[PDB]
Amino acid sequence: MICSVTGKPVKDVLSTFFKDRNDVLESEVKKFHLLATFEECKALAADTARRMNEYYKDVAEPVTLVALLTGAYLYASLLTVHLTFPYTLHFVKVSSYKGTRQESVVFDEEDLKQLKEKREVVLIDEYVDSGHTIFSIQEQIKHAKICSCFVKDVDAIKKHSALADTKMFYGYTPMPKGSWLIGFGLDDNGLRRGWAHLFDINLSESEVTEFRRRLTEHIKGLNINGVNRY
């Protein structure tokens, strides 16, 4: 029940967050369950930057970082400010086409053509849930690497022999089955992307309490002193 970065009790984090807002009704406040405080998410992002920094410290050509619109903008902002190797960054819009046999990610033709030419390409997304997206991206850009703050189930991802070699830089895994996330850039039917804390709206209290028990323990064990230079 306490922020693992600041030590502030979650009830106090939330009382501050919900004070006199104009984007939520008092009666709706209880529907939002905090899974991770913004500070905790920032720590995860910094830890991910640390690993990417070690991975690319000797790179001889700028890495191509590409973020998928629109939710990844926040995570991308929290990650990129801590990167210390050369890279270019751009955002692309994709579509999720649900076919009778599979769900495929549709890229703009030019965006796809460009990405396939780069040796080091890292696609950023704040949340890898079903993974159908990365299975599809991987088959279109075989050498693509993935970067995401949260990954629901890496093993599930690893199950696919095609994704077995795919390098993923992520902040934390696993995420709760049955959850529905909003905040931390993720929209609530278009709204609340700027609600910086990561909230869930579908889990039970015990599930949220258990997720946080595991998350705080993970964050308390991090060694990211110095990653943040600001």
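The numbering used is simple: start at 1 and walk along the sequence shown.
Engineer: When the C-alpha temperature factors are averaged for each of 86-94 and 106-114, which stretch ends up with the higher value in the entry?
Structural biologist: 106-114 has the higher mean C-alpha B-factor.
Engineer: Tell me which stretch has the larger mean Cα B-factor in this entry, 180-188 or 200-208.
Structural biologist: Between 180-188 and 200-208, it is 200-208.
Engineer: Could you check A45, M52, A162, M168 and tell me which one carries the biggest Cα B-factor in the deposited entry?
Structural biologist: In the PDB entry, the greatest C-alpha B-factor among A45, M52, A162, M168 is found at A162.
Engineer: Going by the CA temperature factor in the PDB record, which third of the chain does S27 belong to: lowest, middle or highest?
Structural biologist: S27: CA B-factor falls in the highest third of its chain.
Engineer: Could you say whether, by C-alpha temperature factor, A156 belongs to the lowest, middle or highest third of its chain?
Structural biologist: It belongs to the highest third of the chain when residues are ordered by C-alpha B-factor.
Engineer: Going by the CA temperature factor in the PDB record, which third of the chain does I124 belong to: lowest, middle or highest?
Structural biologist: Its C-alpha B-factor belongs to the middle third of this chain's values.
Engineer: Is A144 in the lowest, middle or highest third of its chain when residues are ranked by C-alpha B-factor?
Structural biologist: For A144, the deposited C-alpha B-factor lands in the middle third.
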